[PDB]
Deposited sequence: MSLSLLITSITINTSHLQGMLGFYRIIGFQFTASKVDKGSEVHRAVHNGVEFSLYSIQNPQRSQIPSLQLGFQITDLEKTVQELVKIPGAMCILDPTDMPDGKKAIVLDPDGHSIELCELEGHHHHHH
């Protein structure tokens, strides 16, 4: 009786976020300037908005399970605005935390 059907993020860094989430594994289709990827029945969309002129650290955190954690992290830090906060570490499950261009803490697991 419940389905999560869409996650939407309004971003002033569309190109950086597109680059970021392509590396994670999303395949976006272009149609605000809007790009939509659909993965496992969930629609992940990115909307272009203007610089809010008071930049806040976001309340949203996301978690993904991926293959090639170390190789993915290497590619993600090549995206402008993105930085690794927790390096790939063996945990109880290899884990890394990386920041997207909007400042979301993205947790990655292999």
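Missing from the model, relative to the deposited sequence, are the ranges 1-3, 35-39, 101, 120-128.
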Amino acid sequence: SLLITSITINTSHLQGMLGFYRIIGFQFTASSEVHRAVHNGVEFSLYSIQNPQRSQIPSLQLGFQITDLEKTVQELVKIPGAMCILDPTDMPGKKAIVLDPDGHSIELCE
From here on, numbers count along this sequence of modelled residues.
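The stretch 19-27 shows the higher mean C-alpha B-factor when 97-105 is compared against 19-27 in the entry. Comparing the deposited coordinates for 73-81 and 50-58, the stretch with the larger average C-alpha B-factor is 50-58. In the deposited entry, the Cα temperature factor of residue 91 places it in the highest third of its chain's modelled residues. Compared with the other modelled residues of the chain, the Cα B-factor recorded for residue 45 ranks in the lowest third. In this PDB entry, residue 6 carries a Cα temperature factor that places it within the middle third of its chain's modelled residues.
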